[PDB]
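Understanding the architecture of this molecule
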Amino acid sequence: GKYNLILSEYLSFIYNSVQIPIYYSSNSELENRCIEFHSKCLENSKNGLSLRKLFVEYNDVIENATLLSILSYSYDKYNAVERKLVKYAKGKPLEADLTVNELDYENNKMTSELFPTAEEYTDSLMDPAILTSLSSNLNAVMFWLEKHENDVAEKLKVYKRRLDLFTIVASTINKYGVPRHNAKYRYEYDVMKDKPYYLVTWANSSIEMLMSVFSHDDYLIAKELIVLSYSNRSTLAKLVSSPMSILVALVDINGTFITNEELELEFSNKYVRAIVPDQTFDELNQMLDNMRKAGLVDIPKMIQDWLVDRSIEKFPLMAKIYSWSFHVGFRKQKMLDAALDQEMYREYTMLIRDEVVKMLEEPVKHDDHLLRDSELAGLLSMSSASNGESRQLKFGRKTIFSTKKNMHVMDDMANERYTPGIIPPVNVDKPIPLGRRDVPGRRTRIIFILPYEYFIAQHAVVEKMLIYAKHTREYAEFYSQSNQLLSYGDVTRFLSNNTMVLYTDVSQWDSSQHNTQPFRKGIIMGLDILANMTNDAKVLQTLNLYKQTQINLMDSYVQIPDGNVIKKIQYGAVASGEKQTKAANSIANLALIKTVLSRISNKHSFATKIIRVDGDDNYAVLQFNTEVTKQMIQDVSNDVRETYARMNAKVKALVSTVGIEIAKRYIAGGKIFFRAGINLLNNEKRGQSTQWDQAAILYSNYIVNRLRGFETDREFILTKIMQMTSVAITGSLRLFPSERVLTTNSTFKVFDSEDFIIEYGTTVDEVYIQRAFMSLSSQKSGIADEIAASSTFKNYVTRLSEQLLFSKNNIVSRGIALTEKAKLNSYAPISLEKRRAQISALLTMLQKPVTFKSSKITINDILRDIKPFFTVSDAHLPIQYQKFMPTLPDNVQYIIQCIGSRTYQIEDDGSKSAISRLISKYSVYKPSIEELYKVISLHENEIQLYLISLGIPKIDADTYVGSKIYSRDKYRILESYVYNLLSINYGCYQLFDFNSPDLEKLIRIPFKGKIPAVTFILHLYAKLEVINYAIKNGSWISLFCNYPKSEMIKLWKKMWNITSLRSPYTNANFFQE
RNA sequence: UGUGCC
């Protein structure tokens, strides 16, 4: 509960010249006392009197009531920051070395020198894009510094290392003064022109980096990145994190974890000697020298010191550095610059064509319905993103403009303009609008934003390909319900003294111009073969349309802005934006890896243990009929690079016998590592999310980084959360939500009271608050109801429905209309109205909690009912599993050591149900987990009607409605739904093997009735409680359950009526992946 | 409506 105490100190620190606590209680009499206390405090403050007497008088309110919020009556002028900053600003300011970046505008010049006229100015290249101010970040660091000013021992060293660092930030910022932000947390030209262009972004990155400093090594790393970053803005991250690929090959393997037949992690005590050719060492040295040429000193030395022995025990430092560089911010070039960079492929093209044919061969011959009604499927699937051009649209009687894809389709249909049979051009006549994706370290890549004709003409086929991939292991990113651990396991498996791994990053090749010809032709050739396999008119048109999109792309043109103008240039390369983007790319890399491997063998004779393609990378494990030597590696590597070289492909191929390093993960010393480079105080782009959503997201980013090996002080995160989640009443009245409001599992939850432990209200007050918050979950929007009543809109819903189902409409119909009413949420005007409504409702709720008829049950209610029926008792679980994921914090790591981990994801969509499968066979419709959950619990007769209404044949529908499988499905649908409400596949839990035998013994549950749903919830609740206790106390306990027989029947009724809560915390988990 | 595909 330290969050509440912390908030007062921070507020007291920020303002000085009052704070009014606000409590509430589920007990009528106590609440009145809370009302009396609030009135007295306002009255006393209004008269400038002390509140000390009142606190003693209302001792009971402080002691038992639950704090809801804090009132901030501050009469200053959001200043203080200028005054506060100066004491810390003494050291010498930093000077921008305007000679380190190629492209001029990437140097820390004076804003004016970049944009002389306020009309030439643009933040397009430095916009933090986050909804929190630079001034607030600075305020947070200073506040933390003051609190930890009088600390001792090791704590002091952390303060001192941090204090030194912020000195550079403070002094440099002062030389120009703190920049001021507008209403939308943006930095305009007037504040900007006197100050160095990249000043605001740089300060944010350094502050974020410093508040994540603890050990001396952290201090050394943060300082080099900070000073260097201010000058360098385009290669520092890349230079710092490049030696990592070379490093993995060096470390030896002493006991690793592999994959077994049951596809689960199993420990192997083997030893694999690292074999590295002298040439590789020269390459690493060149990389180190390059870091040095760029002013780097401390970082290069650390890598060099490590190299003397390359002990996997002193390797965490290398890992720490790799995670660290990403925190220098994003590299945002000029669209044109990002855009500008851009006879033997016969074997390569053929494989791509063959792979495409396999993925649809069976679907095409049979005459799959999805292929037949592909157009309908695209419409249901259709998103609410952009279509490319801002159009004027009329809805009922309102004339407004939108760019949204959904809006364009509805307007077009109501004008006989809807024509998916005609796939628009993307050449010189109708150039493609561009989209951009920015990431730290790597170069900016462009994105096509093609007309919805393209999404529709490709949605059905890509879905078919994904299903094929779903069961093909070569495609690591799509295989089964696998996670990254299984992939990690597969590489280690066949590792021995007569086998070498081959990893390759082909990010450059994917964009190449050489690539697009062979790529498009291969897909097209495949499409022609598939067409020569059926006679179905519906299938051919859908198949034919897909072919057309590939042809139009072959010769494309792009609209790249060059200032304020839009130059139309010829883009002869493959860019992402299509539907088949990921699936096609995966096919292309796999075809490519296969092509290189085949050419090499003519020379060498090996065995292919495994081949894989995962994202922009691809790798393989080969086996030779002899012991691998340093000389052998050089020969295999030179030939492989040469094979890539002949195909004019620019890639980075490496050969090792112990580890590999790709974009998503890296393996060194038999251990699995994952980069932890998520930016905190700077984003990639702006969206339509609120401050609360962003605050929830920041906490999430912090949790993933903390899990991955990059920790940022929690107090700083908490401090950031307090500033972000605040709400102003006036220009001097600001309301700060309490910890209970912030952390309770409600529609307004932002973070967990205690990291790695999701709590649920076990007290009456929490329950009272939870019920109240839900009360005001959804808010109305006029602009939204308007269009929801217009003609064109209802017709669009009606046209989709009369095309989909046969019999009656409503469980399906209500969903389609709503699913379509929400898509309007991309339209800012509607988004803005919703937020304003939420705040006003929120201000009143914090002020004085309202009443609620409840009548709605949730997950928290089910858990609360169970709790009082378990008996706790100290138990003990020894550690049996060696550590394979080192970066993991100690408390999280301990649970894995004692009970183990898993290599799969727990099905939380119900897709593995027989009924869901049956719907898939005859319908293009895709029910949600929630819809399936409501549907399964319906009267046998009702279910039969619903299946028929969707097109399911009578003999099939009738057979299911009474079978054994339907009964089993009932339990399965609920199990999937319950896991979903408990986020078992997210955060820290996704790691633990909840089916662990060791975990299982700690649970004692005697059957007293026997009813699937009831048994599942008790075991799950017990498993979560035992694990959570373990996370907090580092020790274990055993659980006994004596739940009544009468009680279970009541509980079961409760279970089939659970509602789902929507909250920023929930959104953030969805947001991560 | 400072707007940006899968």
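Okay, so let's go over this structure. (Residues numbered from 1 in each chain as written, not as in the entry; some residues may be left out. Chains lettered and ligands numbered in written order. Heavy atoms only, no water.)

Looking at the sheet that holds strand β11 (residues 566–571)
Each strand in a sheet pairs with another by means of backbone hydrogen bonds, the pair being arranged parallel or else antiparallel. An order of β8-β7-β10-β11 is seen for the 4 strands of this open sheet, with the pairing classed as mixed. Of all the strands in the sheet, the pair left with one neighbour each is β8 (445–448) and β11. Averaged over all pairs of adjacent strands, the angle between their axes in this sheet comes to 45°, without regard to strand direction. Pairing of strand β10 (residues 556–561) with β11 involves 6 bridges; the strand directions are antiparallel. Counted as the bridge partner of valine 558 is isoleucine 569 from β11. (Pairing = 2+ DSSP bridges. Helix = DSSP H or I, 4+ residues; strand = E, 2+ residues; numbered from the N terminus. Axes fitted to C-alpha atoms, helices over the stretch in contact; angles between N-to-C directions.)

A short note on helix α15 (residues 298–307)
Residues of α15 that are buried: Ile299, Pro300, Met302, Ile303, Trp306 and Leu307. Along the axis of α15, the buried residues cluster in a sector spanning 160°; they form a single face. Looking at the buried side of α15, the elements it contacts are α11 (216–231), α12 (236–240), α13 (243–250), α14 (278–293) and α16 (316–325). (Buried < 20%, exposed > 50% of the residue type's maximum accessible area, 1.4 Å probe, protein only. Arc of directions from axis to C-beta. Contact = heavy atoms within 4.5 Å.)

What to know about the packing of helix α29 (residues 691–708) against helix α47 (residues 1064–1072)
Orientation of α29 relative to α47, taken along the N-to-C sense of each, is 55°, at an axis distance of 8 Å. Relative to α47, α29 is oriented oblique. Considering how the two elements wind past one another, α29 and α47 form a crossing that is right-handed. Between α29 and α47, the residues in contact are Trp692, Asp693, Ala696, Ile697, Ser700, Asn701 and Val704 and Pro1064, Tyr1065, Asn1067, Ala1068, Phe1071 and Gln1072, respectively. In terms of residue class, the contact of α29 with α47 is built from 8 nonpolar, 4 polar and 1 charged. (Parallel < 35°, antiparallel > 145°, perpendicular 65-115°, else oblique. Left-handed = near helix turned anticlockwise from the far one by under 90°. Nonpolar A, V, L, I, M, F, W, Y, C, P; charged D, E, K, R; others polar.)

Some words on the protein's contact with RNA strand B
With respect to spatial proximity, 24 residues lie near RNA strand B, and among them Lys184, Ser383, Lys405, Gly577 and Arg686 are the closest. Within 4 Å of the protein, the contacting atoms of RNA strand B are 42% sugar and phosphate, with bases supplying the remainder. One of the backbone nitrogen or oxygen atoms of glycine 577 is found 2.6 Å away from a sugar or linking oxygen of RNA strand B. A distance of 3.4 Å is found between a sugar or linking oxygen of RNA strand B and a backbone nitrogen or oxygen belonging to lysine 579. Residue assignment for the surface near RNA strand B shows that the elements contributing at least two residues are β6 (398–404), β8 and α36 (828–847). The element that contributes the greatest number of residues to the surface near RNA strand B is β6, accounting for 4 residues. When grouped by side-chain class, the residues that make up the surface near RNA strand B number 9 nonpolar, 6 polar and 9 charged. (Near = heavy atom within 4 Å. Polar contact = N/O pair within 3.5 Å; in protein donor to acceptor, adjacent residues only side chain to side chain.)

A word on the layout of surface pockets
Taken as a whole, the second largest pocket holds about 590 Å³ of empty space. Lining the second largest pocket are 23 residues; nearest its centre among them are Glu264, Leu265, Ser901, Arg902 and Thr903. A class-by-class count of the residues in the lining of the second largest pocket yields 11 nonpolar, 8 polar and 4 charged. (1 Å grid on protein atoms, 1.4 Å probe; cavity = no way out; pocket = protein on both sides within 12 Å on 5 of 7 lines; lining within 4 Å. Points joined across faces, edges and corners; volume = space filled by probe spheres on them.)

Details of the sheet that holds strand β20 (residues 870–874)
Read across the open sheet, the 3 strands follow the order β20-β22-β21; overall the sheet is mixed. Looking along the sheet, the strands with just one partner apiece sit at the ends: β20 and β21 (1003–1004). Taken together, the 5 bridges between β20 and strand β22 (residues 1037–1041) define a ladder with antiparallel strand orientation. Residue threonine 871 lies in a different strand from β22, and its bridge partner there is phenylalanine 1040. With respect to the sheet, helix α45 (residues 1012–1033) is in contact with β20, β21 and β22, its orientation differing from that of β22 by roughly 155°.

Some points on the pairing of strand β12 (residues 606–614)
Bridge count between β12 and strand β13 (residues 617–624): 8 bridges; the pairing is antiparallel. Note on β13: the bridge partner recorded for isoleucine 611 is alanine 620. From the end of β12 to the start of β13, which pair antiparallel, there are 2 residues, and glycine 615 there has a positive phi angle of about 80°.

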